[PDB]
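>>> Here is my input, please return the structure:
(9 chains)
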Amino acid sequence: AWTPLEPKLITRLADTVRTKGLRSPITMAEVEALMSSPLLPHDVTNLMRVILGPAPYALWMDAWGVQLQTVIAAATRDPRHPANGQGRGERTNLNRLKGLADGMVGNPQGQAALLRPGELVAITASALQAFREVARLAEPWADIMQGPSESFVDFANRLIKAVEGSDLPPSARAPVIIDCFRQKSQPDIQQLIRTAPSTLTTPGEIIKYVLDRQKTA
Amino acid sequence: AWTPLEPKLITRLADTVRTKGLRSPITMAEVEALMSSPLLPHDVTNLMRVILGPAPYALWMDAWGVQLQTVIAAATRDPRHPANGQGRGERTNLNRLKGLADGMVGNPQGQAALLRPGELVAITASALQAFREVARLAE
Amino acid sequence: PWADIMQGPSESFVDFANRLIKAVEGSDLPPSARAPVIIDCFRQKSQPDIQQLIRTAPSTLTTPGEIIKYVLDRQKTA
Amino acid sequence: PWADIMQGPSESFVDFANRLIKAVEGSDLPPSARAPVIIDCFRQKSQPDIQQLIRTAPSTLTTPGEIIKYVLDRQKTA
Amino acid sequence: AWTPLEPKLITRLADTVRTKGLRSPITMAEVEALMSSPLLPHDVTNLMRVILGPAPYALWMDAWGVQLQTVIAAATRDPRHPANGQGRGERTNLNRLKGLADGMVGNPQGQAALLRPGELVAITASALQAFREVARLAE
Amino acid sequence: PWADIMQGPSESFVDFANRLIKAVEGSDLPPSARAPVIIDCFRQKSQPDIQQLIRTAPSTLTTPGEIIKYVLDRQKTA
Amino acid sequence: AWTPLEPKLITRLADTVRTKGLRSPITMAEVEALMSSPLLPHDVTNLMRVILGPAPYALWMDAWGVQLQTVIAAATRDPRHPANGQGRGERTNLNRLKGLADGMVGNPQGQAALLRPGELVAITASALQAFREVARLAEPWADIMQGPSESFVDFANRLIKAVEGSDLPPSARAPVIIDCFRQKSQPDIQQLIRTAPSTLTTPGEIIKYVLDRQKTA
Amino acid sequence: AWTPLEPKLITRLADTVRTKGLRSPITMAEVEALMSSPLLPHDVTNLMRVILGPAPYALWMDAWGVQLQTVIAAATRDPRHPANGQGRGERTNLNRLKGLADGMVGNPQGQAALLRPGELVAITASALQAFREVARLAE
Amino acid sequence: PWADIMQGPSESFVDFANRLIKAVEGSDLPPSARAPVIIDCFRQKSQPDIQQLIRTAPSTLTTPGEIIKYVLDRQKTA
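Numbers count the residues shown, from 1 in each chain, chains lettered A, B, ... in the order given. Below, you will see the structure:
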């Protein structure tokens, strides 16, 4: 049985997006919150229709379609997808993912009837990634320096934000964050990281080490 | 069957962490509250992704891994771990604890299927101790 | 009225796109005729600098989102 | 003479292509040397706006018809 | 036996294309008129060589090739094509459609000998659609 | 009283360490609580130059003798 | 039989190091040239004694020792090293690599007699890596911009040089070079790379594309 | 037994490439000269590392890979390749051509041991064609 | 004479290290006594800023190359 999301939560989320913007970490946290239970295509579509303006909504429809197409390519590349079945008769078409298949167009009850839980979670993850892309697109890591008066946790927050919300591949973020900690982060912390008796191979470990041995001031 | 945590509670906890900080006793009490039922690796991972910033989240991943490794050392030091079994075929690998094992990567339903309750409580206690370490370290 | 919407001389492109998509989706057109109309209105409205920017697109843009992304990338910062 | 044909400052591109293909096919070249010559004359004649339009082609154009289609698509409407 | 189209009709059609353009409904009607009987690849090729300028002729060759390729994809998707046969030995290659196959290159008589009526009507419909595309593209 | 001992602005570090260890060992603390107290008093007393010198220790110092050796090595000769 | 390197080539290389420095690409090319045939520890040691000053020579001895120790750790981690043998009696000690073993100290002829070709090539590669480290140490990629008048091949050369001669892991150089091509390389080439109908996933492919479609001027 | 190329010849060739450029006929003649004996992948790789700058070296690695892939396609299209053998156990993989196969990575002696003369001449011709492509592309 | 070598007020550290290593290795000392002498001359010469920089080394430096690397890393850029 389909239950709609509260319009009160949706109104609060829309005002959050209106004041804080699309890219603030609080906004992404709120979206993750309202993206907790697996939503039907109807739910996510109406949610993005309400919280996003017209042009961001067009961009988001595009990005969601592209991500769903990547998902369907991975699905035809592996017959063991939680959305797929074992036989060929359970293969999931994009009409079933976007809610365009037969018995689903405009009807959320029938949608919830025919859809699989794997289908729902795949649609939800696709929509979240599309939202991230559009947010990064609507509004530079290599220009980030630690200010003379700025603390180190603020600098690390800003740098990790700008590196993860950028065009780098996922497998290239940690080395870049480390090498930016080492070359930015004004020469006191540079020498503090350089003279590390242990080898630090993770941004979290570097942050912990620097927070331990930092010059209290 | 897996049931997700309410995004309303998660939003309230995130704002609590945002205003009070990581180390306040009220924040630790709230975390203990949302750490009441044994959570699956997916739940704790997403929870820490939402409530913690990027750098505290990296620190927490590190600390959680270290604590889970200590747990697995104690487990290989005692075949009577509530996560282990009696035979050698039930020995619990870190891929099964971190949710990286086969049939679990990205799927919370399969996760909840294959995991043991002892596994869940050990993961939960490890995550709580890691949160305490990171909170003591950040400020 | 969607067919009377022009991008002002001082207006940014995201505001123009928002206004146009709003007026086109909140109109009497069929649902299957909104995307082509939005594209062809991006091409003929959206004052001649952006018109030439869309015209000289080495790739073929077949979606309002793709056109918006392309224009936002290659727009004249001013 | 084909090697003296330039696209005039005010001439359209289809007229220039017609004139060039006419002069190249009605000349003393072998039949197997007309297409490469027509392409390389499209690239070096056809005043620098279209020259840069052909240069920055994300795809490789290997036929006069394909070059004509691409230029007609992405040409600066004026 | 192959019979060529009248050069008088072709001259009148060429002057029609010259004065009215490629896209006028009278021009498309005249083309449909001269596209009534199924033409051999030689006929359509020479017709487009005469009535179209050099650049529209290049565009039309491209479009005709693309449409014929779509036809051949549909033909390999259905063994009951009026150009195909029942066995695999009657499958129609693009060399046979464009008139490039053996015994056909430059010879319209041999062309008319080996070609099927389904082949002829498919080639003709493909050429008409290509003409429509190029006319919509030129102006 | 051990908890009232500060390193004077002009006092050397070995004198401060001697005074502090004397007052901590000659007090009412249990024997198992003297080393942690001596360490944490080295860290919070011992005026901010030596405080920062101990804070930025690439190694972890877990003994009063090791802290004394490190500080004596890297101290500001003056 | 041992043949010494020409003192004329060594004098020319020493003057090259004296005028151009340790880090110039021409100097590294010249060193690679004189590092072509596998050299005995005597040869490399005397070569670095002559071309390098006293302090860079001390640094280079340190770095060479460290790299040789890493090599010997990999050798004890794999009994199939081209310097090792199958039995335990052919295991290669650092005294044999540094030329300190019995029958080798000060004698290049005996050195050439007892040494293996795998030993020679390992020593040579170790010495080259140590030279690179010391050159990078004696005298920043994220500060490299393409000048308004600079060509693109010069900018690419400078950037690839600074990225490969840095402290990044080997698996993080290509993504960094690509993302630096995209964000540096003044906005004309930035837009040229952005509007690429194909996806460029290699620095060589990006360089080829830009060289093809660049604005001749 | 592997013998390295003289660093004197390599230095002279590098200065030739530095003053005359990549495309001069004298430079191509010098490259053909130093490309006379069949070189091992190690030799050609180090040679191009020394004589070419960083960006031309990246371009050359790309082009060399593409040409070697064309060679391997022709090799799987003909079991009588001088690099191949008669049985299927002598089929030459790209790891063996680029010097990445087992027993060859970083070791020129083992390389010279396992490689065939046909393999060497194919690698050499591929590298020469790749150099020509990159030289035509750079300027 | 090696024992008379001081780092000048304006001299860089690599020049001082070069001069000192030259004078120590080209002297009458045994080969097994050069490294300790070079280290102890780095520590006592090399004007008090670098003296304190070497003194406050959280790690133990037991080689002239390691001392040179450490000082070059943490030196006061000026």
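>>> How about the contacts made by residue A:180?
Shown in contact with residue A:180 (CB atoms under 8 Å, 6 or more residues apart in numbering or on different chains): A:141, A:142, A:144, A:159, A:163, G:142. Bear in mind the C-beta positions are built from the backbone N, C-alpha and C, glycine included.
>>> Chain A against chain C: which residues are in contact?
Contact residues (CB under 8 Å from any CB of the partner chain) of chain A with chain C: A:53, A:54, A:55, A:57, A:58, A:59, A:60, A:61, A:62, A:63, A:137, A:138.
>>> ok, the second one to residue B:124 distance?
Remark: distance between residue A:54 and residue B:124 (CB to CB, to the nearest Å) = 44 Å.
>>> out of the contacts of residue A:180, who's nearest chain I?
residue G:142 (17.7 Å; CB to the nearest CB).
>>> give me every residue that touches the closest one.
Here residue G:142 is in contact with A:142, A:180, A:183, A:184, G:180 (CB under 8 Å, 6+ apart).
>>> could those go into CSV alongside secondary structure?
As requested, the contacts of residue G:142 are exported to CSV (DSSP: H, G, I helix; E, B strand; the rest coil):
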residue, secondary structure
A:142, helix
A:180, helix
A:183, helix
A:184, coil
G:180, helix
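>>> and these, which two are the farthest apart?
Maximum pairwise distance in the contacts of residue G:142, criterion CB to CB, is 15.1 Å, between A:184 and G:180.
>>> For chain B, what's its nearest residue on chain A.
residue A:33 (2.9 Å).
>>> what's the helix or strand for that residue?
Residue A:33 is located in helix A:25-34, with elements delineated by DSSP states H and E.
>>> Give me the buried positions along that helix.
Residues A:25, A:27, A:28, A:29, A:30, A:31, A:32, A:33, A:34 are the ones in helix A:25-34 that count as buried (16 or more other CB atoms under 10 Å in any protein chain shown).
>>> Same question for stretch A:14-25.
Going by 16+ other CB under 10 Å, stretch A:14-25 has these buried residues: A:16, A:17, A:22, A:23, A:24, A:25.
>>> Between which two of those residues is the distance greatest?
The widest separation within these (CB to CB) is 13.1 Å, between A:17 and A:25.
>>> What residue spans form the domains of chain A?
Here the domain assignment for chain A is A:1-138, A:141-213, based on CATH domains of a matching chain.
>>> All the helices of chain A, residue numbers only.
A:7-20, A:25-34, A:41-51, A:54-76, A:94-97, A:108-114, A:117-138, A:152-164, A:173-183, A:187-194, A:203-213 (DSSP state H).
>>> Spatially, what comes nearest to residue A:40 if we skip its sequence neighbours?
Sequence neighbours aside, residue A:111 is the residue nearest to residue A:40 in space, at 4.9 Å (criterion: CB to CB, 6 or more residues apart in numbering or on different chains).
>>> cool, residue A:121 as well?
That would be residue A:38: by CB to CB, 6+ apart, it lies 5.0 Å from residue A:121.
>>> My guess is that neighbour contacts residue A:122. True?
No. Using CB atoms under 8 Å, residue A:38 makes no contact with residue A:122, being 9.0 Å away.
>>> Confirm for me that residue A:134 is in contact with residue A:23.
No. With contact defined as CB under 8 Å, residue A:134 does not reach residue A:23; the gap is 9.9 Å.
>>> Flag every buried residue along stretch A:82-92.
Residues of stretch A:82-92 classed as buried: A:82, A:83, A:84, A:92 (neighbour count, 16+ other CB under 10 Å).
>>> What's the separation between the closest residue to residue A:32 other than its chain neighbours and chain G?
Nearest residue to residue A:32, sequence neighbours excluded (CB to CB, 6+ apart): residue B:50, at 5.1 Å. Computed as CB to the nearest CB, to the nearest Å, the residue B:50 to chain G distance reads 28 Å.
>>> Name the surrounding residues that touch stretch A:42-62.
For stretch A:42-62, contacts defined as CB under 8 Å, 6+ apart pick out A:2, A:4-5, A:10, A:13-14, A:17, A:22, A:34, A:39, A:99, A:108, A:111, A:123-124, A:127, A:130-131, A:134, A:137-138, C:14, C:17-22, C:25, C:38, C:63-66, C:68-69.
>>> can you give me the end-to-end distance of it?
End-to-end span of stretch A:42-62 (CA to CA, to the nearest Å): 16 Å.
>>> ok now it, how far from the chain's centre?
With CA atoms, centre = their mean, to the nearest Å as the basis, stretch A:42-62 stands 16 Å off its chain's centre.
>>> The closest residue to chain C within chain A: neighbouring residues, count only.
Chain C sits closest to residue A:62 of chain A, with a gap of 3.0 Å, by CB to the nearest CB. Counted by other CB atoms under 10 Å in any protein chain shown, the residues lying close to residue A:62 total 20.
>>> Kindly report the same for residue A:148.
By other CB under 10 Å, neighbour count at residue A:148 equals 6.
>>> That one and chain H, how far apart?
With CB to the nearest CB as the criterion, residue A:148 and chain H are 35 Å apart.
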